Q: 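I'd like to ask you about the structure that follows.
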Amino acid sequence: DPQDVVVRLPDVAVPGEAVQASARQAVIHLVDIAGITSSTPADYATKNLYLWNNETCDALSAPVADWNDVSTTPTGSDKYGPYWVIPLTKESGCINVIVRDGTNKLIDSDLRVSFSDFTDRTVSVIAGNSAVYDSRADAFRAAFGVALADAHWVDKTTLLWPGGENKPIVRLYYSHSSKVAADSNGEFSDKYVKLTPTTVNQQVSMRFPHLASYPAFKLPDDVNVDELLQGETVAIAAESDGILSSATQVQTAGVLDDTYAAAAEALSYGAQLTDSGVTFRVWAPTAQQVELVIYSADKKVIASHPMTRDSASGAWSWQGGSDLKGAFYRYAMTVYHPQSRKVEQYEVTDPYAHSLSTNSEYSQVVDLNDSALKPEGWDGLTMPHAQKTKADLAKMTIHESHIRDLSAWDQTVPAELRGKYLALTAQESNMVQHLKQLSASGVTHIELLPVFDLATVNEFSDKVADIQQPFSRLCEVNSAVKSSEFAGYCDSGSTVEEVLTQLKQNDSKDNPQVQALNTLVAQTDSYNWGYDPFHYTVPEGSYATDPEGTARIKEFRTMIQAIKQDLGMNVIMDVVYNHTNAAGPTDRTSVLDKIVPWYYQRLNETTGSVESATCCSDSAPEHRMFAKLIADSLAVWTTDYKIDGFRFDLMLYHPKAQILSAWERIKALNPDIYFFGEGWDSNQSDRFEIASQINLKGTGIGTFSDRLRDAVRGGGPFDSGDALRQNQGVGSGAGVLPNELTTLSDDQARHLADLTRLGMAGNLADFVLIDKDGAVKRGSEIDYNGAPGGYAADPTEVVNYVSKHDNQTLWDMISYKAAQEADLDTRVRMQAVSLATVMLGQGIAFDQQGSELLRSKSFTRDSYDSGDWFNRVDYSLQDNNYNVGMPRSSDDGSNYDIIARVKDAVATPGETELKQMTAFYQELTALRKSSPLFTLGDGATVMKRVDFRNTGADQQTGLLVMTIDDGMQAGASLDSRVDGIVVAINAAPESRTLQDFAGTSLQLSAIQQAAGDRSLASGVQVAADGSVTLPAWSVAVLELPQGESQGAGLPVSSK
Ligand SMILES: OC[C@H]1O[C@@H]2O[C@H]3[C@H](O)[C@@H](O)[C@@H](O[C@H]4[C@H](O)[C@@H](O)[C@@H](O[C@H]5[C@H](O)[C@@H](O)[C@@H](O[C@H]6[C@H](O)[C@@H](O)[C@@H](O[C@H]7[C@H](O)[C@@H](O)[C@@H](O[C@H]1[C@H](O)[C@H]2O)O[C@@H]7CO)O[C@@H]6CO)O[C@@H]5CO)O[C@@H]4CO)O[C@@H]3CO
Ligand SMILES: [Ca+2]
Ligand SMILES: [Ca+2]
Ligand SMILES: [Ca+2]
Ligand SMILES: [Ca+2]
Ligand SMILES: [Ca+2]
């Protein structure tokens, strides 16, 4: 346009340095951006430095501590600003400086100038900017150049940007093929669109609430968005004379959704077998070109096809022959990536990949419906356990397992199947037989730690060494071991497992050598929890016997079939849609962010950096096409892999709407699929309504409850040191069997009991009980570290547990917390008493694999990368993996002292204790399914039938007495055999007597009577008058036998 003012840099050269520091000197330039615009011949007399030596930075020579002293004025100055020559006592380390005008700080940040980072000790700064630049040119380019990314192109016509506020010139510059930069004439002569102030519309403010306060700008309706989005876009603002005020990069996810999502959601993606051949489709609305590259089995390029761009959706597609089934392929992208500001060229695997080559290097065309990829009978495989009604869901009893934890140690599993999906088919193995036994006794679901394609195990077996293989192999694959204090074992002739056993003998908090060797092992072994997504909709390859191609698909299904058909359990998958393993245009495992840069990752609103609050590269399920990827992914696991439910990792990083949307999609496929998740720390409520415990009330989406968990275990996940011992739980004798360090009061102990009773009744917001003080409280009125304790509408919305893959095992918590006088048999009963609160409760029951075997990780808190050694589960029942070396020092080193003090209080569990615990455990699961009363499903029904005795300020501490009504006041008789049930958990060292049921015909459950001396209720006495005497550390289930019709039962009181 003729009459538009040209935007340009200031009409002054890029500055050089004023002075360079000499020996025992540092130099600070203050680049006077304001006066570089000239006009006024400036005056730096009042500029001064505040300089002081502390213990972090002490290289100043004669610093002036007096803050009111303003006599450290500039050594000199030129048209670019003043500078200071600062004497030093050395040339190493750093100095502390505050840059002032009088006593006013020009930079609101204690500046740290480190000589390691700036070797010439000559740096530059600008007012209002905490960054330290190595040159005035650098600082100058920062103030008059592209920086940050706080502009947000959020729909077709709306750009949100702070930098544009009340500026005369606001424009969106764009360059197809290069970086927007000032030309040789200092001008920005790239094409642009003009922006005029406007008002944040109502649709945008709902979509982006965290941006609703941004100053809004309008683009004219004529704009050709497709052309701008194919390259770099930079928001630019300038004064009336045209001099640049600021320039920043533009986040485009919002406008991409506004432009393309409606059309793009109507399409299907990936390599899709059709009637006529194969249709390939990938979503890449900013890519300049996409080529489909076809590879031979040997990974030679055998064809390369420019794809067809759909202008309405921004998807690219290509249609080829059906002989491409089984072919390997990648997408060759030409695409601008804002992180590098380069038009990148790279090949990327398919985000909708359903088959992979070894280590996920190539995607592969697959038809998951092929009978060649199914075990025989697959299509008729049925759910062994119903999930239809709320009473169906409440029977869910989950065993959370890991592929290697199941079989890596089991010598009765054929060696080639250890650590593999197919180990579940070894019908005669100890592990499978043990699982069958647990299933027969009432474990109903296996929950699998990540079995989608994880990034953090190398699927090339030549690159991996495991502890069961020779130490020499570990040295071959891990070059760090040569330089390690274990180098002498390379020639030892023994395995790594043998060496680790040998290091046990003199392992201590002073010589943590077991952990030392294991940390090296962990870098190149086959072990990881796998919360590190590479491809969301392909099985992990390292768990297959053959990771090359489609083989893993059939082995995975053969496992799923064996679990459902031979073991009798439903299957839940852990899924991790809240982050990707990596982002950016360079990293091997960046898939999504290479194809559509800055759309699938959640970004910082100012810098454009990929956030890392999840751990890693946070994803954006609030963006429509990632929501679709998630839903499409779950559809494949649901239909093609026959998964019965899904557990979302860090689910509160997801919008409630997206989770509910996803759930409605899957329910249309299979109505009985169960969704649940875990979340505690989402700071994302400013961007959308998060999918949290509170916000999910009533929705039927389940959440892990940390309430009963913390109350029974004691303490919380962030405890360390002595707090691990002091913070006893209900299961470890809080307020009834104190250890030597604790100060738990009786009131504190009773508060834990309130949380536990509340959890056993399903942790409902509206459930009514008598609290620690004898006061009537709603579940939501019980405090939980500030939050409302009860939060659910129905007990199916709550998953109770006392042990999980993350944080310490239950046994290691009891070992930390148990009094010295609690002997080994008592600690085994503490374990069972702890699990009884879960198994006999109204919430869905969840437990870590191996709790029935007193599982220990040698006090490891976070064992995601601690290998076969610390995660071992011995299905030969020799020991519980306790006391096998100090845990990893990087995460548990500040616990070494309390560990050494508590560790050897009693003997390590052996075969006798393991069998007893398993009996206890199967007793509990059998009781859970012995009556519909345990699993009412419905919150209103729980509220009508479940009550508690032994409550209030004078309760007998540690005695939990729950009643479940099946008499006339409750409604119908849900159980033909009983008019009521009493659950009594005596988590205490004293025997206790109940008179609450005196004269009432109460009797002990037949299951526990049949267990005899082996029962958790061994020694329970029911007297003639109906008084019940409970042994120490006991669990008793009692019942009122039903007569010819529904009796009076155990009516809830109207409190
Ligand atoms: O002085 C010991 C001090 O050492 C270190 O502080 C550094 C600090 O990192 C630098 O920023 C700078 O401090 C400057 C301030 O930057 C400057 O603004 C001004 O501070 C004023 C404050 O804004 C104002 O609130 C008030 O300060 C009070 C304060 O409210 C009181 O609580 C008390 O301060 C004490 C601190 O609480 C205490 O932590 C310690 O401070 C350390 C600090 O840990 C460390 O980072 O001691 C002080 C008291 O000795 O009293 C002050 C008022 O006396 O008023 C001041 C205006 O004077 O000035 C300070 C420096 O004077 O440099 C210091 C090192 O000198
Ligand atoms: Ca320099
Ligand atoms: Ca993998
Ligand atoms: Ca590892
Ligand atoms: Ca944030
Ligand atoms: Ca009944």
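For ligands, and for the atoms within them, numbers begin at 1 and follow the listed sequence. Heavy atoms only: backbone and side chains are in, while hydrogens, waters and symmetry mates are out. Sequential numbering from 1 along the given sequence is applied to the chain's residues.
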Q: Any N/O/S of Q1046 under 3.0 Å from the Ca ion (ligand 6)?
A: no

Q: Is the Ca ion (ligand 6) under 3.0 Å from any N, O or S atom of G1049?
A: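 Checking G1049: none of its N, O or S atoms is under 3.0 Å.
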
Q: Nearest 0.5 Å, what's the CD-CZ distance between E91 and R121?
A: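 Between atom CD of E91 and atom CZ of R121 there are 4.0 Å.
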
Q: Working to the nearest 0.5 angstrom, can you tell me the gap between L60 CG and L88 CG?
A: 7.0 Å

Q: Write the atom name of the N, O or S atom in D975 that is nearest the Ca ion (ligand 6).
A: O

Q: I'd like to know if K944 and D965 make a salt bridge, using a cut-off of under 4.0 Å between side-chain N and carboxylate O.
A: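 No, no charged N to carboxylate O under 4.0 Å.
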
Q: Report the atom name of the nearest N/O/S atom of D120 relative to the Ca ion (ligand 2).
A: OD2

Q: Could you tell me which N, O or S atom of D966 is nearest to the Ca ion (ligand 6)?
A: OD2

Q: Decide, counting backbone as well as side-chain atoms, whether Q1042 has an N, O or S atom less than 3.0 Å from the Ca ion (ligand 6).
A: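 Yes.
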
Q: Are more than 12 heavy atoms from other residues, nucleotides or ligands located less than 6.0 Å from atom CE of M968?
A: no

Q: Measuring from atom OH of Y791 to atom OG of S692, what distance do you get when rounded to the nearest 0.5 angstrom?
A: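 If I round to the nearest 0.5 Å, the distance is 10.0 Å.
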
